[PDB]
Amino acid sequence: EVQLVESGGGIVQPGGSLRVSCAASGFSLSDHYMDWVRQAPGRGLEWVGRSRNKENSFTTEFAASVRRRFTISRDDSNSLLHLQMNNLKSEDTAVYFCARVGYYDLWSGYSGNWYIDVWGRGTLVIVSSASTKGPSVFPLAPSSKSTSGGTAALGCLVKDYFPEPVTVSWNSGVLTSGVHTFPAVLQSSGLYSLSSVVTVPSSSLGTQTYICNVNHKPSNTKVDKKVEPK
Amino acid sequence: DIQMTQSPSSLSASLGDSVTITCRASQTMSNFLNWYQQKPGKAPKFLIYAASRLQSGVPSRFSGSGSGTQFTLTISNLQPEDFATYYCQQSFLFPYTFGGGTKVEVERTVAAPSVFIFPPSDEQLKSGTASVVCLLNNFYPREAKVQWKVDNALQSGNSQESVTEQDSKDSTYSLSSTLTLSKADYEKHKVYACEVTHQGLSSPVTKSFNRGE
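Printed below as a string of structure tokens:
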């Protein structure tokens, strides 16, 4: 079974270093090219770098955006591939995939006739200066401006927490229909914020109790916020 | 150097349809174009190399074509596992680059969003911040324009939005947009509105409130 699996990612402060690693199995690591690709959360793939096989003396190359900062090391005796990232920036935050490169029609040599046939799990690297912080839970209260002809919307705003994630339920899990918990956004301050909404019959406001349960385990914060009409 | 542009960025179809994804290079590159498939939360999967050659194990309903600056990936008899994002990647010359990706999503009938506004709560106002929230509920297609207006002044850059994944049940989207001001900045204005434009609305829908009420 050909397998690539990465590790070593973490939360790193800006300016620091971090070494991610890729363990291979099922194939001779020294005989293939090995690339590093990265993907910022909610965006596309970005080719980071390449380390050549033994026939090409393990020479490395990198994209211009990490060229003066990233380095590749190969320990083929232990089937390990290390990506050393120094002087990390905020934009370096991404999932880093280790990738095996295979050549087709190799009778023609080592040209552009290559693909990436095996991708690893990827390891998340986040470059931030924020420290662990529990969130504040504010009510998005239903009102006339939150009604659409029998339907009302209410919810909770879980603001200023680090790091991810928080979990949100409604009425201890009793309420599921009409619930939309949105993926968090990263604010300019380096803290996360998300919204959790539910649409209910407007005739149920004032007579039915709605509670949002928020749990941010990294800070062991747990809150039950009642949302009342405005 | 070489930049890949994929079109369209979002594609919708049903089971059994045949979809086509276009990848255009800014300069000619023979046929050194590979196609990968990625689903949310998982690593990319190698699909096609050399523009038209299938990797062993890939179902024959996938096909590729193209040379020079334009390439296409076609999926016939679309299956449930085919709904994902697809990326082209040129192997022609360093530095190697990927396309922006194209989402193959579940097509359904158009549905206009339900728009709601939430003023900042008094509890957040005691802290020193004010977050106004605008919610678009259960709409399709995803293309929608949300505009924040403060006293008829268009806000640009001081808000952030978030879009859920396509619903597994009714295949619609939902959007949340937060406009965060500081408390003295919030107290200096009166009217706060979000204006929503979408294919399902007869006209732009504006939801607004005054800081008083």
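Protein chains in written order, with our numbering: chain P, 260 to 489; chain S, 78 to 290.
Ideal Cβ placement from N, Cα and C applies to all residues, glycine included.
What residue range is occupied by the uninterrupted beta strand (DSSP E) comprising residue i?
i, result
"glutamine 201 of chain S", "From DSSP, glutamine 201 of chain S is part of no beta strand (DSSP E) but of the alpha helix (DSSP H) over 199-204."
"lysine 485 of chain P", "480-485"
"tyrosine 263 of chain S", "From DSSP, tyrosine 263 of chain S is part of no beta strand (DSSP E) but of the alpha helix (DSSP H) over 260-264."
"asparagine 474 of chain P", "470-475"
"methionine 81 of chain S", "81-84"
"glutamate 265 of chain P", "262-266"
"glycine 381 of chain P", "Note, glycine 381 of chain P: premise wrong, no beta strand (DSSP E); not H, not E."
"residue 226 of chain P", "As displayed, chain P neither begins before 260 nor continues past 489, which places residue 226 of chain P out of reach and without an answer."
"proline 398 of chain P", "395-399"
"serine 454 of chain P", "451-460"
"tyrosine 173 of chain S", "Where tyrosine 173 of chain S is concerned, there is no enclosing beta strand (DSSP E), given that its DSSP letter is neither H nor E."
"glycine 303 of chain P", "Neither: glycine 303 of chain P is in no beta strand (DSSP E) and is coded neither H nor E."
"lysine 119 of chain S", "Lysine 119 of chain S -> no beta strand (DSSP E), and no H or E assigned at all."
"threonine 410 of chain P", "410-420"
"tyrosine 217 of chain S", "Element bounds for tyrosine 217 of chain S: n/a, residue is neither H nor E."
"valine 427 of chain P", "426-429"
"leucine 110 of chain S", "110-115"
"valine 192 of chain S", "191-195"
"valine 438 of chain P", "438-440"
For residue i and residue j, I'd like the C-alpha separation in whole angstroms.
i, j, result
"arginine 101 of chain S", "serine 87 of chain S", "16 angstroms"
"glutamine 83 of chain S", "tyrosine 451 of chain P", "31 angstroms"
"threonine 249 of chain S", "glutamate 182 of chain S", "10 angstroms"
"residue 30 of chain S", "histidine 439 of chain P", "As shown, chain S starts at 78 and ends at 290. That puts residue 30 of chain S outside it, with no answer to give."
"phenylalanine 195 of chain S", "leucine 131 of chain S", "51 angstroms"
"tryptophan 429 of chain P", "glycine 437 of chain P", "11 angstroms"
"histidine 341 of chain P", "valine 486 of chain P", "50 angstroms"
"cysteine 165 of chain S", "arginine 302 of chain P", "14 angstroms"
"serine 388 of chain P", "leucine 252 of chain S", "29 angstroms"
"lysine 284 of chain S", "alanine 261 of chain S", "23 angstroms"
"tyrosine 469 of chain P", "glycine 409 of chain P", "17 angstroms"
"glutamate 423 of chain P", "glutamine 343 of chain P", "25 angstroms"
"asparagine 215 of chain S", "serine 191 of chain S", "7 angstroms"
"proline 136 of chain S", "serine 236 of chain S", "44 angstroms"
"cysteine 471 of chain P", "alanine 299 of chain P", "30 angstroms"
"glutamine 114 of chain S", "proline 121 of chain S", "5 angstroms"
"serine 390 of chain P", "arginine 297 of chain P", "24 angstroms"
"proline 401 of chain P", "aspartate 199 of chain S", "14 angstroms"
"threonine 426 of chain P", "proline 394 of chain P", "11 angstroms"
"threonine 257 of chain S", "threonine 206 of chain S", "7 angstroms"
"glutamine 156 of chain S", "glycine 93 of chain S", "7 angstroms"
"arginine 328 of chain P", "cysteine 281 of chain P", "19 angstroms"
"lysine 489 of chain P", "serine 204 of chain S", "20 angstroms"
"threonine 406 of chain P", "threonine 174 of chain S", "47 angstroms"
"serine 336 of chain P", "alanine 283 of chain P", "11 angstroms"
"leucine 110 of chain S", "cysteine 357 of chain P", "20 angstroms"
"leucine 383 of chain P", "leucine 413 of chain P", "33 angstroms"
"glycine 178 of chain S", "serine 463 of chain P", "43 angstroms"
"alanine 322 of chain P", "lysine 476 of chain P", "37 angstroms"
"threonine 318 of chain P", "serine 324 of chain P", "19 angstroms"
"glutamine 147 of chain S", "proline 442 of chain P", "35 angstroms"
"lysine 313 of chain P", "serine 144 of chain S", "32 angstroms"
"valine 377 of chain P", "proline 172 of chain S", "20 angstroms"
"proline 273 of chain P", "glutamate 350 of chain P", "10 angstroms"
"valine 271 of chain P", "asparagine 229 of chain S", "42 angstroms"
Residue i bridges to which residues according to DSSP?
i, result
"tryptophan 225 of chain S", "S:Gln232 and S:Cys271"
"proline 281 of chain S", "Note: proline 281 of chain S sits in no beta bridge, so no partner."
"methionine 293 of chain P", "P:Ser310 and P:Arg359"
"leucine 150 of chain S", "S:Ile98 and S:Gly141"
"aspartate 334 of chain P", "P:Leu339"
"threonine 318 of chain P", "Its beta-bridge partners do not exist; DSSP assigns none."
"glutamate 238 of chain S", "S:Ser254"
"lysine 180 of chain S", "S:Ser87 and S:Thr162"
"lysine 392 of chain P", "P:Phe421"
"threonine 406 of chain P", "P:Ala411"
So is the beta-carbon of residue i under 7 angstroms away from any non-hydrogen atom of the ligand GTP?
i, result
"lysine 222 of chain S", "The ligand GTP is not part of the structure shown, which contains no ligands of any sort."
Quiz item: Just by C-beta distance, which residues in the region 170-201 of chain S are closer than 9 angstroms to chain P?
Solution: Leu170, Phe171, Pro172, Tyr173, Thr174, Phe175, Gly176, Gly177, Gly178, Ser191, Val192, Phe193, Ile194, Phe195, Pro196, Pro197, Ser198, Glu200 and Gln201
Quiz prompt | Interface residues of the region 456-474 of chain P facing chain S [CB-CB below 9 angstroms] | solution = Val456 and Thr458
Self-check item: Where the region 116-139 of chain S meets chain P: residues whose CB sits under 8 angstroms from a CB there
Solution: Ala120, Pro121, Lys122, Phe123, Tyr126, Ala127, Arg130 and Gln132
Practice problem: Taking a Cβ distance cut-off of 7 angstroms, strictly less, list which residues of the region 207-241 of chain S are near chain P, in chain order. | Solution: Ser208, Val210, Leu212, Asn214, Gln237, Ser239 and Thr241
Exercise. Return the residues of the region 361-386 of chain P that lie within a Cβ-Cβ distance of less than 9 angstroms from chain S, sorted by chain order.
Key: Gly361, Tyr363, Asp364, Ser370, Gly371, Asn372, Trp373, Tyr374, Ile375, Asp376, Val377, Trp378, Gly379, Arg380 and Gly381
Self-check item: chain P contacts from the region 245-258 of chain S (Cβ-Cβ distance under 7 angstroms)
Solution: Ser251, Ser253 and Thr255
Practice problem: Using a Cβ-Cβ cut-off of less than 9 angstroms, give me the residues of the region 149-170 of chain S that come near chain P, in sequence order. | Solution: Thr162, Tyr164, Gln166, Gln167, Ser168, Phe169 and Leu170
Quiz item: Any residues in the region 323-346 of chain P with a beta carbon nearer than 7 angstroms to a beta carbon of chain S? Which ones, in chain order?
Solution: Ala323
Quiz item: According to a CB-to-CB cut-off of less than 9 angstroms, which residues of the region 98-111 of chain S neighbour chain P?
Solution: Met106, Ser107, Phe109 and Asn111
Quiz item: Using a beta-carbon distance cut-off of less than 7 angstroms, what residues from the region 277-304 of chain P approach chain S?
Solution: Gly303 and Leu304
Practice problem: Check each residue of the region 275-287 of chain S: if its Cβ is closer than 9 angstroms to any Cβ of chain P, include it; give the result in chain order. | Solution: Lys284, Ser285 and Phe286
Exercise. Please list the residues of the region 306-320 of chain P that have a C-beta atom closer than 7 angstroms to any C-beta atom in chain S, keeping them in chain order.
Key: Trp306 and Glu320
Quiz item: For the region 385-400 of chain P, which residues have a CB atom closer than 8 angstroms to at least one CB atom of chain S, in sequence order?
Solution: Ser395, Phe397, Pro398, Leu399 and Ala400
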